[PDB]
Each structure stands twice: as structure tokens, then as C-alpha cells.
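K.L.:
Okay, handing you the structure first.
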Amino acid sequence: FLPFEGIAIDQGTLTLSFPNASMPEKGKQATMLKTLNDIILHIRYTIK
Amino acid sequence: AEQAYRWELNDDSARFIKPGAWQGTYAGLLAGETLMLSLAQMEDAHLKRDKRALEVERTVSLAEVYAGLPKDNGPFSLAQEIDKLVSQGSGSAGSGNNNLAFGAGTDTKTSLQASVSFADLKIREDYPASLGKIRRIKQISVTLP
Amino acid sequence: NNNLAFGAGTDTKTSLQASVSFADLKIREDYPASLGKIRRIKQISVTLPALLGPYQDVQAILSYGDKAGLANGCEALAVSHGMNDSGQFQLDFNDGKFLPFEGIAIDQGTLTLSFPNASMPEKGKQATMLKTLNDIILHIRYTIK
């Protein structure tokens, strides 16, 4: 089974995290995060 | 195999393997034959219950979701709060279950995370039910602009 | 039988649908018989010349009226891609299973396509997307033997 298979659309909480994000501490991704307009999810779901 | 079946259909009350094929008295013979009967039953019920379902894709942008929260709850523009929260370790944004903040755990404190509830997406609104009574996510793939 | 209107059922009242009879298409007129005495539909793929903004999805359903011939769940095809796509995720011939709309006779039936949330008077996600439409285009793959 692929990750996230079989999950119900109705409930749950999905989270996306980026490591080394804070700028106060030198973080590899401080720059890569500032570029983002948004995050985009491509959800392929099944109806039956 | 029983579990993978109880997963492929949402039906979790499925009981296809009953104790016990093996017997203390007797060799425990016919245990194998008995099991393969139950497996044959599982496959039969499975084939009768299989459906070439409606396979559908829906695309969702987090920013749209964050901006779309009702007035009572706290909505935001994603780009801004990301930038703000990168600059100060302190930052946080959004109502519970649709929040954006830094990680709680000891390893993940420096990491920044976005959160969405599938509930708030209200994807059931895309198609009338009927047809769909059960909606299963086949695959998730992420695009980052 | 070649009408375009709102849904009959309680769920699909707001949804707008188009309908055609395979008969009126006279697809049998494309090729003389002989060779072909029996004509079976191998696969249906829908292309919609409609203009949608990035990160926008079509919601639609292909239906067949009779369901006289059977297959499970193959009576219905969900289209979200909108540019040439078979229903479902990666299309597979040499698939152990029959594709939706396989085995159907070209001569009879009623094929229907519905777009949910079509009414503009009531707020509908696809009202704008529908106004862009010039038409609906069907790629029908059939078999002669």
C-alpha cells in the first residue's frame, strides 16, 4: 500500500514540517522557506 | 491477509478466521485444509464485494485554506506568516487544528510545520453522495511553489 | 434522450448533466458490415475544452443508463483531469480487470455526463468553469469482430 492509502477524507489532521526552519539559529532552510507562496497538495482519492 | 482485507474495505467487523483448525487431541491434522477453506471464503467474499470505484483527483492549496477560515477563527496569508515565523522562533498562527507553528518535540523545535484538517477541506462537497458513501485516499503527492 | 438538464435525484438536483444515445451517433455507419457484425466499446476517455486556472479541478461523472450488461462499478467513470484522460488513475490494459464501459454495444444506450454544483443561482463551484465550455469531447475506443 502507498503511504496515506485507505485514509478517510472526513477526519484527521495532516501536517507538513520543514527542518532547520528558524532564522535566529542558522538554518539550512531559512532561505528556501522565504521563497514559498504556499504549499500544494495533490490528493488522489477513491469513491465507493 | 484478514487484516489487509479488513483494510481494503472499510468493514472492520469482518471475521473470516475462527479458532481453531488445530486440535490438541488429533494431530491437529486438517488444520491446513480448514485454514485454506477460510481463505477461500475470504477471497470469495472479496470478489463479490470488489468494485471498480470512481477514481478521482482533487488539488488543494494551503494558502487558500488558511485565508479561507471564518472570521471567528484566525485566518492568515501563508507567505507572510511563514516569513514572520522564520524570522522569530516565537511565531504562531491560525486556529487549532489548522495552525502553523514550530515543532513541539525536543528534536523538532527548530522545525516549522503547517497543519490542515481534512474536515475543513469538506471534500465530500465535491460530489453528491450517492454515489460516494466511503472516500479513501489513494495517493498523496506534494508540490511546493 | 439527447437532453441537457438538472438532476432527477435528490442528490443531483443542483448538478447539470448532458445526455446522448449511442444510436443517434450512427457509429455503425463508419465502417461497412462486413467486416463488423459486433461492435464493443473498449475504453472511454473524456477531453473537455474548457479553460481553468492552475490548481483547479474538474468534477464530473460518466454514466450509462442500462447497466443491463454488468461489471462492478464499471458503469461510472469519474473525470477530474479534464484534458485527455481515461477515468481513473494510471490506465491499464493487460489489467486483469475490465475497464469501465467495456463490452457495451455501440447501437443502444444513453450516456450521461454530470457536473456537480452547476447552478449559478445557488452558489456553485463549477458555475464559472461551465461558462468557459465550448463543448464536451469523447474519445471512444471500440472493437469490431
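Residue names in the C-alpha cells use chain letters A, B, ... in the order shown, residue numbers from 1 in each chain, and ligand numbers from 1 in the order shown.
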Select from chain C every residue with an atom at most 10 Å from any atom of chain A, then for each give the shortest pair of atoms and their distance in Å to one decimal, using only C-alpha atoms, rows by chain and rising number, as a tab-separated table.
P.N.:
```
residue	atom	partner	partner_atom	distance
C:55	CA	A:40	CA	8.3
C:73	CA	A:48	CA	8.3
C:78	CA	A:47	CA	9.2
C:88	CA	A:46	CA	9.0
C:89	CA	A:44	CA	8.2
```
K.L.:
Okay, now the selection with C-alpha atoms, as a PDB file, in the first residue's frame?
P.N.:
```pdb
ATOM      1  CA  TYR C  55      -4.641  24.375  -9.163  1.00  0.00           C
ATOM      2  CA  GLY C  73     -18.524  -0.157 -10.743  1.00  0.00           C
ATOM      3  CA  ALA C  78     -15.015   9.984 -12.774  1.00  0.00           C
ATOM      4  CA  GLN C  88      -9.281   6.509 -13.021  1.00  0.00           C
ATOM      5  CA  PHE C  89      -5.548   6.699 -12.176  1.00  0.00           C
TER       6      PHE C  89
END
```
K.L.:
Give me, as a ChimeraX atom specification, the residues of chain B touching chain C, with the criterion being at most 12 Å (counting only C-alpha atoms).
P.N.:
/B:47-64,123-132,138-139,143,145
K.L.:
Output N, CA, C and O atoms of each residue in that selection to a file, as a compact mmCIF listing (two decimals), in the first residue's frame.
P.N.:
```txt
# COMPACT_ATOMS: atom_id res chain seq x y z
N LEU B 47 -14.16 -11.03 -3.75
CA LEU B 47 -14.50 -10.83 -5.15
C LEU B 47 -15.93 -10.35 -5.32
O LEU B 47 -16.20 -9.51 -6.17
N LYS B 48 -16.84 -10.85 -4.50
CA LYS B 48 -18.22 -10.40 -4.62
C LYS B 48 -18.33 -8.94 -4.20
O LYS B 48 -19.16 -8.21 -4.74
N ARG B 49 -17.48 -8.51 -3.26
CA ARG B 49 -17.51 -7.13 -2.75
C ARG B 49 -16.60 -6.10 -3.47
O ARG B 49 -16.62 -4.92 -3.11
N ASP B 50 -15.78 -6.55 -4.42
CA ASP B 50 -14.88 -5.65 -5.18
C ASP B 50 -15.63 -4.75 -6.14
O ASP B 50 -16.59 -5.18 -6.78
N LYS B 51 -15.17 -3.50 -6.27
CA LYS B 51 -15.76 -2.52 -7.18
C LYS B 51 -14.73 -1.65 -7.90
O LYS B 51 -13.84 -1.08 -7.27
N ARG B 52 -14.87 -1.52 -9.22
CA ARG B 52 -14.02 -0.62 -9.99
C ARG B 52 -14.49 0.79 -9.68
O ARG B 52 -15.26 1.39 -10.43
N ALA B 53 -14.04 1.30 -8.54
CA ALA B 53 -14.57 2.53 -7.95
C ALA B 53 -14.42 3.78 -8.82
O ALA B 53 -13.81 3.72 -9.88
N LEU B 54 -15.01 4.89 -8.38
CA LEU B 54 -14.71 6.17 -9.01
C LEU B 54 -13.37 6.68 -8.50
O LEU B 54 -13.22 7.03 -7.33
N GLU B 55 -12.39 6.72 -9.40
CA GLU B 55 -11.05 7.17 -9.07
C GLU B 55 -10.92 8.65 -9.44
O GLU B 55 -10.97 9.00 -10.62
N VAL B 56 -10.71 9.49 -8.43
CA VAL B 56 -10.80 10.94 -8.61
C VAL B 56 -9.61 11.69 -7.99
O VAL B 56 -9.05 11.25 -6.99
N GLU B 57 -9.22 12.80 -8.60
CA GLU B 57 -8.19 13.67 -8.05
C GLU B 57 -8.75 15.03 -7.67
O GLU B 57 -9.65 15.55 -8.33
N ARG B 58 -8.24 15.58 -6.57
CA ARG B 58 -8.60 16.91 -6.12
C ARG B 58 -7.31 17.59 -5.67
O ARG B 58 -6.49 16.98 -4.97
N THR B 59 -7.12 18.83 -6.11
CA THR B 59 -5.92 19.58 -5.76
C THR B 59 -6.29 20.68 -4.74
O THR B 59 -7.35 21.29 -4.83
N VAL B 60 -5.42 20.91 -3.76
CA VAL B 60 -5.70 21.88 -2.70
C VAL B 60 -4.48 22.73 -2.34
O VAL B 60 -3.38 22.20 -2.17
N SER B 61 -4.65 24.05 -2.23
CA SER B 61 -3.54 24.92 -1.82
C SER B 61 -3.75 25.33 -0.38
O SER B 61 -4.84 25.74 0.02
N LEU B 62 -2.68 25.22 0.40
CA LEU B 62 -2.74 25.53 1.82
C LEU B 62 -3.10 26.99 2.07
O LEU B 62 -3.84 27.29 3.00
N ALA B 63 -2.56 27.88 1.24
CA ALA B 63 -2.76 29.32 1.42
C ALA B 63 -4.23 29.65 1.35
O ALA B 63 -4.76 30.43 2.14
N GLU B 64 -4.89 29.03 0.37
CA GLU B 64 -6.30 29.26 0.14
C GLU B 64 -7.07 28.84 1.38
O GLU B 64 -8.01 29.52 1.79
N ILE B 123 -14.25 17.88 1.48
CA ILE B 123 -14.12 17.36 0.13
C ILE B 123 -15.34 16.55 -0.28
O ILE B 123 -15.56 16.30 -1.46
N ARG B 124 -16.13 16.14 0.71
CA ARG B 124 -17.39 15.43 0.46
C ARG B 124 -18.35 16.29 -0.35
O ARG B 124 -19.31 15.80 -0.94
N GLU B 125 -18.06 17.59 -0.37
CA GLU B 125 -18.87 18.55 -1.07
C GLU B 125 -18.58 18.55 -2.57
O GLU B 125 -19.32 19.15 -3.34
N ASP B 126 -17.53 17.85 -2.98
CA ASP B 126 -17.16 17.82 -4.40
C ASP B 126 -18.13 17.02 -5.25
O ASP B 126 -18.44 17.38 -6.38
N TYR B 127 -18.60 15.92 -4.69
CA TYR B 127 -19.55 15.05 -5.36
C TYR B 127 -20.70 14.74 -4.44
O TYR B 127 -20.52 14.60 -3.23
N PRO B 128 -21.90 14.64 -5.01
CA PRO B 128 -23.02 14.29 -4.15
C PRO B 128 -22.86 12.86 -3.68
O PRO B 128 -22.26 12.05 -4.38
N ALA B 129 -23.38 12.56 -2.49
CA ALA B 129 -23.42 11.20 -2.00
C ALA B 129 -24.90 10.88 -1.91
O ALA B 129 -25.60 11.59 -1.19
N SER B 130 -25.43 9.88 -2.63
CA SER B 130 -24.78 8.99 -3.59
C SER B 130 -24.22 9.78 -4.78
O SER B 130 -24.80 10.81 -5.13
N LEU B 131 -23.16 9.32 -5.44
CA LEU B 131 -22.64 7.95 -5.37
C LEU B 131 -21.78 7.56 -4.17
O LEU B 131 -21.89 6.45 -3.67
N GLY B 132 -20.92 8.45 -3.72
CA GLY B 132 -19.90 8.01 -2.79
C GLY B 132 -20.33 7.97 -1.34
O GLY B 132 -20.73 8.98 -0.79
N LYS B 138 -6.21 7.51 -2.24
CA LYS B 138 -5.31 6.57 -2.89
C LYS B 138 -3.85 6.97 -2.77
O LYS B 138 -2.99 6.13 -2.52
N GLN B 139 -3.56 8.25 -2.94
CA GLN B 139 -2.17 8.65 -3.03
C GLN B 139 -1.98 10.12 -2.78
O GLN B 139 -2.74 10.94 -3.29
N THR B 143 3.45 19.40 -4.12
CA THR B 143 4.11 20.41 -4.96
C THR B 143 4.36 21.68 -4.16
O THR B 143 3.47 22.20 -3.49
N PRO B 145 5.56 25.58 -4.48
CA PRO B 145 5.95 26.72 -5.31
C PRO B 145 6.95 27.56 -4.57
O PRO B 145 6.60 28.56 -3.94
```
K.L.:
Could you produce a table of the residues of chain A lying within 6 Å of chain B, with the nearest pair of atoms per residue and their separation in Å rounded to one decimal, using only C-alpha atoms, ordered by chain and increasing residue number, as a Markdown table?
P.N.:
```
| residue | atom | partner | partner_atom | distance |
| --- | --- | --- | --- | --- |
| A:5 | CA | B:138 | CA | 4.9 |
| A:6 | CA | B:136 | CA | 4.8 |
| A:7 | CA | B:136 | CA | 5.3 |
| A:8 | CA | B:136 | CA | 5.4 |
| A:9 | CA | B:118 | CA | 5.8 |
| A:10 | CA | B:119 | CA | 5.0 |
| A:11 | CA | B:119 | CA | 5.1 |
| A:12 | CA | B:118 | CA | 5.9 |
| A:13 | CA | B:117 | CA | 4.6 |
| A:14 | CA | B:116 | CA | 5.5 |
| A:15 | CA | B:115 | CA | 4.4 |
| A:16 | CA | B:114 | CA | 5.2 |
| A:17 | CA | B:113 | CA | 3.9 |
| A:18 | CA | B:112 | CA | 5.2 |
| A:19 | CA | B:111 | CA | 4.2 |
| A:20 | CA | B:111 | CA | 5.2 |
| A:21 | CA | B:111 | CA | 5.1 |
| A:22 | CA | B:86 | CA | 4.6 |
| A:23 | CA | B:87 | CA | 5.1 |
| A:34 | CA | B:83 | CA | 5.5 |
| A:36 | CA | B:145 | CA | 5.7 |
| A:37 | CA | B:79 | CA | 5.1 |
| A:38 | CA | B:63 | CA | 5.3 |
| A:39 | CA | B:144 | CA | 5.3 |
| A:40 | CA | B:61 | CA | 4.6 |
| A:41 | CA | B:142 | CA | 5.0 |
| A:42 | CA | B:59 | CA | 4.8 |
| A:43 | CA | B:140 | CA | 5.0 |
| A:44 | CA | B:57 | CA | 4.4 |
| A:45 | CA | B:137 | CA | 3.9 |
| A:46 | CA | B:55 | CA | 4.9 |
| A:47 | CA | B:135 | CA | 4.9 |
| A:48 | CA | B:132 | CA | 5.2 |
```
K.L.:
Write to file, as a short mmCIF file (atom, residue, chain, number, x, y, z; two decimals), in the first residue's frame, the residues of the selection just made, with N, CA, C and O atoms.
P.N.:
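Result file follows (result.cif):
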```
data_model
loop_
_atom_site.label_atom_id
_atom_site.label_comp_id
_atom_site.auth_asym_id
_atom_site.auth_seq_id
_atom_site.Cartn_x
_atom_site.Cartn_y
_atom_site.Cartn_z
N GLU A 5 -2.68 5.62 2.02
CA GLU A 5 -3.79 4.86 1.44
C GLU A 5 -4.88 4.56 2.47
O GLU A 5 -4.59 4.44 3.66
N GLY A 6 -6.12 4.44 2.02
CA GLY A 6 -7.20 3.99 2.89
C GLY A 6 -7.71 5.00 3.91
O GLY A 6 -8.67 4.71 4.64
N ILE A 7 -7.09 6.18 3.96
CA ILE A 7 -7.48 7.22 4.92
C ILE A 7 -8.80 7.91 4.58
O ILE A 7 -9.08 8.23 3.42
N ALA A 8 -9.60 8.15 5.61
CA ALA A 8 -10.86 8.85 5.46
C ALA A 8 -10.67 10.36 5.24
O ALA A 8 -9.87 11.02 5.91
N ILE A 9 -11.43 10.88 4.29
CA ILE A 9 -11.44 12.28 3.95
C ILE A 9 -12.05 13.12 5.05
O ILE A 9 -11.64 14.24 5.27
N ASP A 10 -13.05 12.57 5.73
CA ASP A 10 -13.81 13.31 6.73
C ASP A 10 -13.00 13.86 7.91
O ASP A 10 -13.15 15.02 8.28
N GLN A 11 -12.17 13.02 8.51
CA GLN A 11 -11.49 13.42 9.73
C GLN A 11 -10.00 13.28 9.59
O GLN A 11 -9.51 12.80 8.57
N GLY A 12 -9.30 13.71 10.62
CA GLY A 12 -7.86 13.54 10.67
C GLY A 12 -7.20 14.88 10.64
O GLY A 12 -7.86 15.90 10.45
N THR A 13 -5.89 14.88 10.82
CA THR A 13 -5.12 16.11 10.78
C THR A 13 -3.81 15.85 10.02
O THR A 13 -3.00 15.04 10.46
N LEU A 14 -3.59 16.55 8.91
CA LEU A 14 -2.34 16.35 8.17
C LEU A 14 -1.38 17.49 8.40
O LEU A 14 -1.77 18.66 8.43
N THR A 15 -0.11 17.15 8.54
CA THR A 15 0.89 18.13 8.93
C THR A 15 2.11 18.03 8.01
O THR A 15 2.47 16.95 7.58
N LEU A 16 2.71 19.16 7.65
CA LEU A 16 3.95 19.13 6.88
C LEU A 16 4.98 19.97 7.59
O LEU A 16 4.74 21.14 7.86
N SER A 17 6.15 19.38 7.87
CA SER A 17 7.22 20.07 8.59
C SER A 17 8.53 20.19 7.80
O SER A 17 8.93 19.28 7.05
N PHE A 18 9.17 21.33 7.98
CA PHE A 18 10.41 21.70 7.33
C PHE A 18 11.46 21.82 8.41
O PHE A 18 11.33 22.65 9.31
N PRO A 19 12.51 21.01 8.34
CA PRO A 19 13.59 21.01 9.34
C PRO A 19 14.52 22.21 9.21
O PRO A 19 14.68 22.72 8.11
N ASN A 20 15.13 22.63 10.32
CA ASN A 20 16.08 23.75 10.31
C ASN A 20 15.49 25.07 9.77
O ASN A 20 16.14 25.83 9.05
N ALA A 21 14.24 25.34 10.15
CA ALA A 21 13.49 26.47 9.62
C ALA A 21 13.77 27.84 10.24
O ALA A 21 13.78 28.84 9.51
N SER A 22 13.99 27.90 11.55
CA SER A 22 14.15 29.19 12.23
C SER A 22 15.39 29.91 11.71
O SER A 22 16.42 29.29 11.44
N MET A 23 15.25 31.22 11.53
CA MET A 23 16.36 32.10 11.16
C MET A 23 17.27 32.52 12.32
O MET A 23 18.48 32.63 12.10
N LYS A 34 11.47 31.16 2.80
CA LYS A 34 11.01 32.50 2.47
C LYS A 34 10.51 32.64 1.03
O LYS A 34 9.75 33.55 0.72
N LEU A 36 8.56 30.44 -0.55
CA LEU A 36 7.20 29.88 -0.69
C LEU A 36 6.04 30.87 -0.77
O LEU A 36 5.91 31.76 0.07
N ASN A 37 5.19 30.70 -1.78
CA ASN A 37 3.90 31.38 -1.82
C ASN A 37 2.91 30.59 -0.99
O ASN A 37 2.21 31.15 -0.14
N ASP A 38 2.85 29.28 -1.25
CA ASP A 38 2.05 28.33 -0.48
C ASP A 38 2.53 26.88 -0.60
O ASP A 38 3.57 26.62 -1.18
N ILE A 39 1.81 25.95 0.03
CA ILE A 39 2.07 24.53 -0.16
C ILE A 39 0.90 23.90 -0.91
O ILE A 39 -0.26 24.20 -0.64
N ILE A 40 1.21 23.04 -1.87
CA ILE A 40 0.18 22.42 -2.69
C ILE A 40 0.07 20.92 -2.57
O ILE A 40 1.04 20.20 -2.72
N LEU A 41 -1.15 20.46 -2.31
CA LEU A 41 -1.43 19.06 -2.12
C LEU A 41 -2.14 18.52 -3.34
O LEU A 41 -3.14 19.08 -3.79
N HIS A 42 -1.59 17.44 -3.88
CA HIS A 42 -2.26 16.67 -4.91
C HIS A 42 -2.80 15.42 -4.25
O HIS A 42 -2.05 14.51 -3.87
N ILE A 43 -4.12 15.41 -4.08
CA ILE A 43 -4.78 14.31 -3.40
C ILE A 43 -5.47 13.44 -4.42
O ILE A 43 -6.28 13.92 -5.21
N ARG A 44 -5.13 12.16 -4.43
CA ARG A 44 -5.82 11.22 -5.29
C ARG A 44 -6.67 10.36 -4.36
O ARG A 44 -6.14 9.61 -3.53
N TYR A 45 -7.98 10.47 -4.49
CA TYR A 45 -8.88 9.72 -3.63
C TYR A 45 -9.84 8.80 -4.40
O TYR A 45 -9.98 8.92 -5.63
N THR A 46 -10.48 7.89 -3.67
CA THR A 46 -11.32 6.84 -4.24
C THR A 46 -12.72 6.88 -3.66
O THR A 46 -12.92 6.97 -2.45
N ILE A 47 -13.70 6.75 -4.53
CA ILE A 47 -15.09 6.83 -4.15
C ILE A 47 -15.84 5.53 -4.42
O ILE A 47 -15.89 5.08 -5.57
N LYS A 48 -16.40 4.94 -3.36
CA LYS A 48 -17.16 3.70 -3.48
C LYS A 48 -18.12 3.47 -2.30
O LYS A 48 -18.80 4.39 -1.84
#
```
K.L.:
Would you kindly return, as a list in words, each protein, DNA or RNA residue with an atom no farther than 12 Å from any atom of segment 22-34 of chain C, considering only C-alpha atoms and excluding same-chain residues fewer than 2 positions away?
P.N.:
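So the residues in contact are residues 1, 2, 19, 20, 36, 37, 38, 39, 40, 41, 64, 65, 66, 104, 105, 106, 107, 108, 109, 110, 111, 112, 138, 140, 141, 142, 143, 144 and 145 of chain C.
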K.L.:
List every residue of chain A that DSSP, applied to the backbone, labels as strand (DSSP E or B), and write the result as number ranges by chain.
P.N.:
A: 7-8, 13-18, 40-47
K.L.:
Okay, now the selection with C-alpha atoms, as a JSON list (two decimals), in the first residue's frame?
P.N.:
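Final output, saved to out-v2.json:
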```json
[["chain", "number", "residue", "atom", "x", "y", "z"],
["A", 7, "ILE", "CA", -7.48, 7.22, 4.92],
["A", 8, "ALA", "CA", -10.86, 8.85, 5.46],
["A", 13, "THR", "CA", -5.12, 16.11, 10.78],
["A", 14, "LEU", "CA", -2.34, 16.35, 8.17],
["A", 15, "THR", "CA", 0.89, 18.13, 8.93],
["A", 16, "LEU", "CA", 3.95, 19.13, 6.88],
["A", 17, "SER", "CA", 7.22, 20.07, 8.59],
["A", 18, "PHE", "CA", 10.41, 21.70, 7.33],
["A", 40, "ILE", "CA", 0.18, 22.42, -2.69],
["A", 41, "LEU", "CA", -1.43, 19.06, -2.12],
["A", 42, "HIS", "CA", -2.26, 16.67, -4.91],
["A", 43, "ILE", "CA", -4.78, 14.31, -3.40],
["A", 44, "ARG", "CA", -5.82, 11.22, -5.29],
["A", 45, "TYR", "CA", -8.88, 9.72, -3.63],
["A", 46, "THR", "CA", -11.32, 6.84, -4.24],
["A", 47, "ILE", "CA", -15.09, 6.83, -4.15]]
```
K.L.:
Going by DSSP on the backbone, which residues of chain B come out as helix (DSSP H, G or I)? List them as an NGL selection string.
P.N.:
:B and (2-8 or 31-49 or 62-68 or 78-87 or 118-121 or 123-125)
K.L.:
Nearest residue to residue 21 of chain C out of C:50, C:35, C:8, C:63, using only C-alpha atoms?
P.N.:
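Distance minimum relative to residue 21 of chain C lands on C:63.
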K.L.:
Give me, as number ranges by chain, all polymer residues having an atom no more than 9 Å from residue 76 of chain B, counting only C-alpha atoms and skipping those fewer than 6 positions away in the same chain.
P.N.:
B: 63, 66-69, 93-94
K.L.:
If I take atom CA of residue 42 of chain C and atom CA of residue 85 of chain C, how far is one from the other in Å, to one decimal?
P.N.:
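Separation between atom CA of residue 42 of chain C and atom CA of residue 85 of chain C: 14.5 Å.
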